[PDB]
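Asker: Provided herewith is a single structure, encoded as structure tokens, for subsequent inquiry.
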Amino acid sequence: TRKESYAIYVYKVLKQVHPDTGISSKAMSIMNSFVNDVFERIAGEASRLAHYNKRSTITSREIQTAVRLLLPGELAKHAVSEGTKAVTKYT
DNA sequence: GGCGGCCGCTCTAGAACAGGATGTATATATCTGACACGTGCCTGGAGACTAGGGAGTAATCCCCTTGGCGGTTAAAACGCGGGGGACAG
């Protein structure tokens, strides 16, 4: 069977930000579980946000609101700016 | 001639300082065991298409929160007495 994993994307992100450092199997498993847990948290927050105002869809504003609700401080603003840059580069 | 005051002497102890002790910080030697590259796939997302439906926007409406007052008696605040408790020892 095939199991979905986030190892290679995290690895190439690491090579982008720090090409002189490697990673282990346990460190990869911690990072995979962390990114998966953040995925469920942000996706559930967006689902609840859609359910509150009778919204049948989840847009980028759902993810931005979930990020500002979950991430505290300047981390939320930096993530919002990165998402806005990615959205503008997408279109 | 006796006694209080003064200064030197020895006793005692706080503390800076140097030496021993033992568990870690490193310098190689070498094992070693997953790390990442390569290969071979192949299974899930992307181009493209069909269709439609829920929100973007406009309009209404009516509703409900903000400003803005006097009044009046509940209470915040200042201060005096004092009292029991936080903390040094």
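So you can find residues: chains in the structure tokens are A, B, ... in the order shown, residues in each start at 1, and ligands are numbered from 1 in order.
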Give me, as JSON, numbers by chain, the residues of chain B touching chain A, with the criterion being at most 9 Å (counting only C-alpha atoms (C1' of nucleotides)).

Answerer: {"B": [34, 35, 54, 55]}

Asker: So that I can check the surroundings of segment 88-91 of chain A, please list as an MDAnalysis selection string every protein, DNA and RNA residue that reaches within 12 Å of it, counting only C-alpha atoms (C1' of nucleotides) and ignoring chain neighbours fewer than 6 positions away.

Answerer: chainID A and resid 60 81:82

Asker: Please write the residues from the selection above to a file, keeping N, CA and C atoms, as a PDB file, in the first residue's frame.

Answerer:
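Now in result_4.pdb:
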ATOM      1  N   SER A  60      -9.686  31.196   1.200  1.00  0.00           N
ATOM      2  CA  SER A  60      -8.426  31.602   1.813  1.00  0.00           C
ATOM      3  C   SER A  60      -8.655  32.463   3.049  1.00  0.00           C
ATOM      4  N   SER A  81       0.896  37.247   5.763  1.00  0.00           N
ATOM      5  CA  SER A  81       1.630  37.884   4.673  1.00  0.00           C
ATOM      6  C   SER A  81       2.166  36.857   3.681  1.00  0.00           C
ATOM      7  N   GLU A  82       2.681  35.729   4.183  1.00  0.00           N
ATOM      8  CA  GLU A  82       3.165  34.671   3.299  1.00  0.00           C
ATOM      9  C   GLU A  82       2.029  34.065   2.481  1.00  0.00           C
TER      10      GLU A  82
END

Asker: Excluding same-chain residues fewer than 4 positions from residue 46 of chain A, what lies within 8 Å of it counting only C-alpha atoms (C1' of nucleotides), as an MDAnalysis selection string?

Answerer: chainID A and resid 42 50 58 62:63 65:66

Asker: Selected residues, N, CA, C and O atoms, written as a PDB file, in the first residue's frame, please.

Answerer:
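Now in selection.pdb:
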ATOM      1  N   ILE A  42      -5.997  23.823  11.935  1.00  0.00           N
ATOM      2  CA  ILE A  42      -6.389  24.919  11.052  1.00  0.00           C
ATOM      3  C   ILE A  42      -7.603  24.529  10.216  1.00  0.00           C
ATOM      4  O   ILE A  42      -8.526  25.331  10.030  1.00  0.00           O
ATOM      5  N   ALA A  50     -16.761  28.211   8.850  1.00  0.00           N
ATOM      6  CA  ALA A  50     -17.760  28.075   7.796  1.00  0.00           C
ATOM      7  C   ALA A  50     -19.120  27.689   8.367  1.00  0.00           C
ATOM      8  O   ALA A  50     -20.157  28.159   7.887  1.00  0.00           O
ATOM      9  N   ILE A  58     -15.099  26.888   2.025  1.00  0.00           N
ATOM     10  CA  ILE A  58     -13.919  27.328   2.761  1.00  0.00           C
ATOM     11  C   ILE A  58     -12.984  28.000   1.766  1.00  0.00           C
ATOM     12  O   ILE A  58     -12.550  27.371   0.793  1.00  0.00           O
ATOM     13  N   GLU A  62     -10.941  31.852   5.239  1.00  0.00           N
ATOM     14  CA  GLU A  62     -11.123  30.878   6.312  1.00  0.00           C
ATOM     15  C   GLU A  62      -9.786  30.490   6.930  1.00  0.00           C
ATOM     16  O   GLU A  62      -9.641  30.464   8.159  1.00  0.00           O
ATOM     17  N   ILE A  63      -8.790  30.209   6.085  1.00  0.00           N
ATOM     18  CA  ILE A  63      -7.469  29.820   6.569  1.00  0.00           C
ATOM     19  C   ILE A  63      -6.785  30.995   7.258  1.00  0.00           C
ATOM     20  O   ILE A  63      -6.090  30.817   8.264  1.00  0.00           O
ATOM     21  N   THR A  65      -8.308  33.511   8.869  1.00  0.00           N
ATOM     22  CA  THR A  65      -8.955  33.661  10.170  1.00  0.00           C
ATOM     23  C   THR A  65      -8.520  32.566  11.136  1.00  0.00           C
ATOM     24  O   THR A  65      -8.303  32.833  12.322  1.00  0.00           O
ATOM     25  N   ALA A  66      -8.373  31.331  10.642  1.00  0.00           N
ATOM     26  CA  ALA A  66      -7.896  30.240  11.490  1.00  0.00           C
ATOM     27  C   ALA A  66      -6.465  30.486  11.957  1.00  0.00           C
ATOM     28  O   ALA A  66      -6.108  30.154  13.094  1.00  0.00           O
TER      29      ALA A  66
END

Asker: Please provide the set of residues having any atom within 12 Å of residue 5 of chain A, restricted to only C-alpha atoms (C1' of nucleotides), with same-chain residues fewer than 2 positions apart removed, written as a list in words.

Answerer: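 Contacts, with the query itself left out: residues 2, 3, 7, 8, 9, 10, 11, 28, 29, 31, 32, 33, 35 and 36 of chain A.
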
Asker: Please identify which residues in chain A DSSP calls alpha helix (DSSP H) from the backbone, and express them as a PyMOL selection string.

Answerer: chain A and resi 7-17+25-52+60-70+74-90

Asker: Suppose you want the space between atom CA of residue 13 of chain A and atom CA of residue 71 of chain A; what is it in Å?

Answerer: 20.6 Å

Asker: Between atom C1' of residue 26 of chain B and atom CA of residue 20 of chain A, measure the distance and give it in Å to one decimal.

Answerer: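 Between atom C1' of residue 26 of chain B and atom CA of residue 20 of chain A the gap is 22.7 Å.
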